[PDB]
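[1] Need a 3D model of the sequence below.
(8 chains, ligands or ions: 1)
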Amino acid sequence: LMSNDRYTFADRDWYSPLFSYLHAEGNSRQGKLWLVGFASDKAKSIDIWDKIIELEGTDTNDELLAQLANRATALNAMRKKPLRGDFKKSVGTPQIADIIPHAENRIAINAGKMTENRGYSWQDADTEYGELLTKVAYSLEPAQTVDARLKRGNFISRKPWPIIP
Amino acid sequence: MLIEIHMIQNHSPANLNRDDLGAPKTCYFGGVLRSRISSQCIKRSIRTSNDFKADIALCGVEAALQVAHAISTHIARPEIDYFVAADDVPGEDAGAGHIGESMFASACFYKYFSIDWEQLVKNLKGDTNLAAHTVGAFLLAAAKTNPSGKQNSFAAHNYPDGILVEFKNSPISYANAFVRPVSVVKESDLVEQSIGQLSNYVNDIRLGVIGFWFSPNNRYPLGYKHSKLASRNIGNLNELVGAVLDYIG
Amino acid sequence: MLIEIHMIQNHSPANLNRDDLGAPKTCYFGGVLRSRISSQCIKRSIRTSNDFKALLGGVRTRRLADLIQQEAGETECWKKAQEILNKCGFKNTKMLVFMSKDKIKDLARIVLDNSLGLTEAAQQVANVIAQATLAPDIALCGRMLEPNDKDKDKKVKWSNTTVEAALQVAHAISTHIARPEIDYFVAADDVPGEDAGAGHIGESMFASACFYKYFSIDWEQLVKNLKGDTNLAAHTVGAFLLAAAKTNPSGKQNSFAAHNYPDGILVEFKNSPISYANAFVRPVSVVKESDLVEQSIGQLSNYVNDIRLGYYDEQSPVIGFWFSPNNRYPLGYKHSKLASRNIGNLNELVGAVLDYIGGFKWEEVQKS
Amino acid sequence: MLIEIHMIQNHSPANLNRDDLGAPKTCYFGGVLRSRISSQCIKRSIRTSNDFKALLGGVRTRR
Amino acid sequence: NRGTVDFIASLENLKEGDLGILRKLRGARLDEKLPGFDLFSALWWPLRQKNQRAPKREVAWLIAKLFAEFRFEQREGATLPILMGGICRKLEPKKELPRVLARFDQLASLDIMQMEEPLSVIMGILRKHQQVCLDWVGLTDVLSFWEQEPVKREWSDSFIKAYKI
Amino acid sequence: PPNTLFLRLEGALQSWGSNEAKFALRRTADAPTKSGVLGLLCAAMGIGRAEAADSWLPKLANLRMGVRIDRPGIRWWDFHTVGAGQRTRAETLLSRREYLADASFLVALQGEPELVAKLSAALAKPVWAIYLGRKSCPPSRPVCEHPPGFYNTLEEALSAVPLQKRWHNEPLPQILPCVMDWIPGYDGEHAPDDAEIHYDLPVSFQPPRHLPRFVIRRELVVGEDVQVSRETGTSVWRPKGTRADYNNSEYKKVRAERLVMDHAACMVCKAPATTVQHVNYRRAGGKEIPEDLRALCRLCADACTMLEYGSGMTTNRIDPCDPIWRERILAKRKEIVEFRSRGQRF
DNA sequence: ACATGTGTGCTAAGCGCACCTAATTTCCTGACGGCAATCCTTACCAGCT
DNA sequence: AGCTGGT
Ligand SMILES: [Mg+2]
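    Residues are numbered from 1 along each chain as shown, chains lettered A, B, ... in the order given. Have a look at this structure:
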């Protein structure tokens, strides 16, 4: 629940446990797939949720599923970008973190369709981010100037970049 | 019978409600991002200080209040700050502090309150006229002390300008007046434009009770017509308190 | 009991405060751009003012060991001091530490030099730091202290470092639309050359505005953090009144010598403070008659009227003051004849406010 | 001891300081437009004056 | 609109002495000189009794003063944020482009009366770049409604559109 | 005969909780749950606590229903810091809440008209401080809107209600998702293999014990049964003021009253009068009372137009009676006398 | 914000401008400072109630 | 003799 220097609160993390189950045990297979995540730090129970994800077994891409195996790093790196500057532990844009959960809920309803990589990919999943980002940029730069429109447009181009770990 | 304290409240530039990363909190309404203070924050600010305590049956039978999130009448405008804490002892170089960044927002808010008939009578405490006394305290105690926040560095305790109190029993927030965020035209104030939007919404909905209206020295009329949309364009401190007192009993 | 001090200052073209990029500070008050002066800059300039020197007794330093080493002619204690500080809780030369100056100087010198221990030496140094509350600038601005929990010892504790600020300086909001102006300067190369050009073509931004400046004293807090005495409290209140009416932020004053003085003082005694920011929610647009100062004072007096009748507090009336020098700028030009004690001096209003504070005089208190 | 000098000077039609595009330096003092001469101009005119030769001695140079 | 076109056409009919006395009234309200008010009344009264829509009075006075000072010609499709921006592409992006760009954005946060001097400097650099045509009707009906933010954002986005092309 | 009331859920914020909330992450669902409108129902009757478990939840638990999405609101998260033993020790407890922002809904409640008739006089007048399922989330629209009627099928009732519009140039969802319960068309029917299970069915109320239910997705495009509604209700104030009235019928007759009330004379610079000036522009005048006008000669009315047309136009006027606007009027009249060109008109 | 207060009695028509014109070089800053905590335990143990 | 704030 804390957005620390290295984490940004997004949603249920169905994305994380895909490397060790689509490469080691069971792998690609037909049947409806179910995911359970019970996060816990030391001795504190913090949440519980579920996810019925779609899976038929149409092979796998190692690298793309490796990027999908941790989107939390990409989301935190997108959140930590400030409006202007280069300081490393500035909080960045805190209203980006307030639109990440709805965007995650909009992306994740066809989470297995995104998983199997048929027509859903990383490069077209962030297209839904644009609307909330336009209205957040309307809040952020409340000037009718050429410059403010330019910063709004540069704010729009923000999207989570994949990481190879 | 139900009490709706529809209240406007402008704010001089200062941050009041802070999230994890320190920003002013925000809401989504009317297809735009508007500034927000949490209902818990303002509700605790109504407690925890003795000026209002001059009330434990009302914010605890549970409790007796419906306090809404402070929806801005316009779009959110979060700004950022840049502070440098000086060294004040001469070293080989200058500057020493955290060199961090703060952030703030100035907004004009709206909220809505709800106190029903049995929700105030069964509140009771020990009297039956207490069901008028506590409410009479409330109608201007809700506009008595701005919460708290970074006031020692961002001093902002701007008193509200335009206050509604309705005795309509059907619970409806007038937030649909602010479906379109309030723009600014040069001949009217931002608070005056917001109060005109509230008045324009007031002339509606009655097509398909009264309007007890507060304007200090009636600088803000609810409609620029002789056919006043409240018909009670008055108000002075506890005159409204006593008028609600003998409106209820 | 708490004291409000309001000013309306018009300034020459100046840059008293800048952000990282160098622009004057701006805030979106009332839907329009208002020029802003940061509260911390005003607090610092009033701290470093030329009349606070009898009361300037707080130091915000990370070079505490340097302060110890300065007052030692031949006894070099700067590595031992550094390791004592490093296990005090500060971890490095340290973070910023607030304390009284002379107290830490002499008695940290006597408590550091003795070769009696290294762990309890750090513990007693930390206790000396934490007990350093005998300074009213700390009492006004406020101070907490948070040491690390990693680079420390398990046998070293910290007492409660709770000090509340007895002053809420507001940011100086402009009384109109901010017109940020761009200044274009060059830097002349003193020796000549082929190019006949500038050494450095640079960017500076300046803003001329009538600032609504707003401070507030919590006198009750000012004596609940300055112990049982009231003499030092009255001296600090008078010192702040003189400093704020007399000093200016030390921004680019060498390039913009805007040392103009506050054309308005409003001191009102009550238990519920108010800023007159809503007096200028409507931007002040000047007319052919009068000036920006008079129109701003007129809107302020209109607001004072409907918050002295519409928001009247006749249980605790206003003791509203002025600094109208020989009545140059009256407040009630049309109706607002509620200025009970309109004067034309500064020491008189200082003495008056310490008189409603209690049985004090201006000259007798000015010795603590 | 702080010596201050306040000078009221009436000037003929002139352009004694200008910005990049050639307009004279203007400021909005009191809500109205006033013409302005920068303090660096008067500072360097004091420095490069016809009585300060005996008081020279600085070079803020790059060569 | 069919009312502002007659106002612009009547302004183009004005002879040298009339716009000379309009030139002399820069930064001055239409009261301190009798002939200026007489000229404005002659220009402004008879267009309200023939067509139901007329511009605002202050907009008409300011536009008449600026028209006398600069003397362009009326041509459709030559609004301010097209020619502006077209001249911004003829610039070095390092130093001069932010200068001229800030000079343009100063207009977007000003009321009608105070824009005489920023519009003067904008039209001065337009005159320096030898611009003859300016849509006075288009400028007038985007200026008479300058207080609503949609037309300001449309004007700014027109500047963006002319800059990216 | 009216078997259905269409509940109108609309506010700045709202939330009907989902099942995945036991710890500090408290979440919602993208539909008003069955016990997210039945709680509103129980509050609307004015009771609560353990009374709803008997004869109030089973009194309608045999009754199917359907919900409609007017606009899908986005999910918002609010920071919430419970102070625990602070207004135990000062350990501040932590949490995060999920809020559905700017979403309008329409629930159906079908099967019989006696309970719907009891329920129609329960939304507006009887209350126990009803809200949108969250205690701090106000209903911004009259919940008693969309009056009842007979529409036999679930889709006919859910699509036979007009759809609102806030402003004129507003985007509108062309597909309206429908959340419907399970209809057992015959005994022994098995659910289709797309119906997700929702756990919104209480059998007790405090503490919450629950039953699950089957939910069938359904669709609705606009046009065939549902349609946009009249909007009107201008949300643009821009303070009103008339202008430019030469004569309708009541300026000819009203000019003369102050002409000969003041004996055919001026008022400031007394002389034979021609016209009438207007003071106190509360209304520019289609109907003018005879104590606001000012019959006044040509030259000083020209000076009045001097002073008014210069500087602010506003609604405050000159009123040449209180002697503060005197020197300017006389000076303007002097330059009128000195500089008027009659051959150049006016 | 022309009309309307005529009061012996207040005209009026023809006429209103074209063209050459707007330049460049270069000049543009380095460094220092960037917060700590606290929001579930290797849990029993001894200062003392 | 147990209890509670600290490690
Ligand atoms: Mg006259």
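
[2] correct me, but residue B:95 touches residue B:87?
    Yes - with contacts counted by Cβ atoms under 8 Å, residue B:95 reaches residue B:87, the gap being 6.5 Å. Where you see a C-beta, it was placed from the backbone N, CA and C, and this is true even at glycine.

[3] between those two, which one's more packed in?
    Taking other Cβ atoms under 10 Å in any protein chain shown, residue B:95 and residue B:87 do not tie; residue B:87 has more neighbours (18 against 10).

[4] Ramachandran angles for the more buried one?
    phi -90, psi -40 (degrees, to the nearest 10).

[5] Kindly report the same for the one 3 residues further on.
    Taking degrees, to the nearest 10, you get phi -70, psi 110 for the backbone angles of residue B:90.

[6] gap between it and chain C?
    Distance, residue B:90 to chain C, by Cβ to the nearest Cβ, to the nearest Å: 9 Å.

[7] same question, residue F:136
    Taken as Cβ to the nearest Cβ, the span from residue F:136 to chain C is 27 Å.

[8] which SS state does residue F:242 fall under?
    For residue F:242, the assignment made with DSSP: H, G, I helix; E, B strand; the rest coil gives coil.

[9] Nearest residue to residue F:261 in space, please, no chain neighbours.
    residue F:295 (7.2 Å; Cβ to Cβ, 6 or more residues apart in numbering or on different chains).

[10] Specify the beta-bridge partners of that neighbour.
    residue F:276 (DSSP bridges).

[11] For the residue of chain A positioned farthest from its centre, give me its contacts.
    Distance from the C-alpha centroid of chain A, by Cα atoms, centre = their mean, peaks at residue A:145 (31.8 Å). Residues near residue A:145 by Cβ atoms under 8 Å, 6 or more residues apart in numbering or on different chains: E:105, E:108, E:109, E:156.

[12] out of those residues, what pair is the most spread apart?
    E:109 and E:156 (11.4 Å; Cβ to Cβ).

[13] Determine the number of other residues adjacent to the residue in the stretch 151-300 of chain F that chain A sits nearest to.
    The nearest approach of the stretch 151-300 of chain F to chain A comes at residue F:196, 8.0 Å away (Cβ to the nearest Cβ). Using other Cβ under 10 Å, residue F:196 has 10 neighbouring residues.

[14] gap between the closest residue to chain E within chain F and residue E:58?
    Nearest to chain E in chain F, going by Cβ to the nearest Cβ, is residue F:310, at a distance of 2.7 Å. For residue F:310, the distance to residue E:58 equals 11 Å [Cβ to Cβ, to the nearest Å].

[15] coming back round to it: chain F: which of the contacts of residue A:145 is nearest?
    Nearest member of the contacts of residue A:145 to chain F, counting by Cβ to the nearest Cβ, is residue E:156, at 19.1 Å.

[16] can you pull the contacts of the closest one?
    Per Cβ under 8 Å, 6+ apart, neighbours of residue E:156: A:144, A:145, A:146, A:148, A:149, E:81, E:108.

[17] Now do the SS call for it.
    Residue E:156 ends up helix, using three-state DSSP.

[18] Repeat that for residue F:330.
    Under three-state DSSP, residue F:330 comes out as helix.

[19] Could you pull up the residues touching it?
    Per Cβ under 8 Å, 6+ apart, neighbours of residue F:330: F:269, F:303.

[20] Any residues of chain A in contact with DNA strand G? List them.
    A:2, A:42, A:43, A:44, A:85, A:87, A:89, A:90 (Cβ under 7 Å from any atom of the strand).

[21] Sort out for me which of these are in strands.
    Judged by DSSP state E, the residues of chain A next to DNA strand G include residue A:44 as members of strands.

[22] Dump the residues of chain A next to DNA strand G into a markdown table; add neighbour count as well.
    Listed next are those as a markdown table, based on neighbours: other Cβ atoms under 10 Å in any protein chain shown:
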| residue | neighbour count |
| --- | --- |
| A:2 | 9 |
| A:42 | 4 |
| A:43 | 5 |
| A:44 | 9 |
| A:85 | 13 |
| A:87 | 12 |
| A:89 | 10 |
| A:90 | 16 |
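
[23] what sits against the closest residue to residue A:132 other than its chain neighbours?
    Distance criterion Cβ to Cβ, 6+ apart; nearest residue to residue A:132, sequence neighbours excluded, is residue A:99 at 4.2 Å. Neighbour list for residue A:99: A:129, A:132, A:133, A:136, F:74 [criterion: Cβ under 8 Å, 6+ apart].

[24] ok, those vs DNA strand G, which is closest?
    residue A:136 (22.2 Å; Cβ to the nearest atom of the strand).

[25] and residue F:127, how many neighbours does it have?
    Residue F:127, neighbours per other Cβ under 10 Å, totals 22.

[26] Quick check: it touching residue B:116?
    Yes - using Cβ under 8 Å, residue F:127 is in contact with residue B:116, at 5.5 Å.

[27] So for those two, which residues contact both of them?
    B:2, B:169.

[28] Span of stretch F:207-226 from start to end?
    40 Å (Cα to Cα, to the nearest Å).

[29] what residues are shared contacts of residue E:109 and residue E:156?
    Common neighbours of residue E:109 and residue E:156 (Cβ under 8 Å, 6+ apart) are A:144, A:145.
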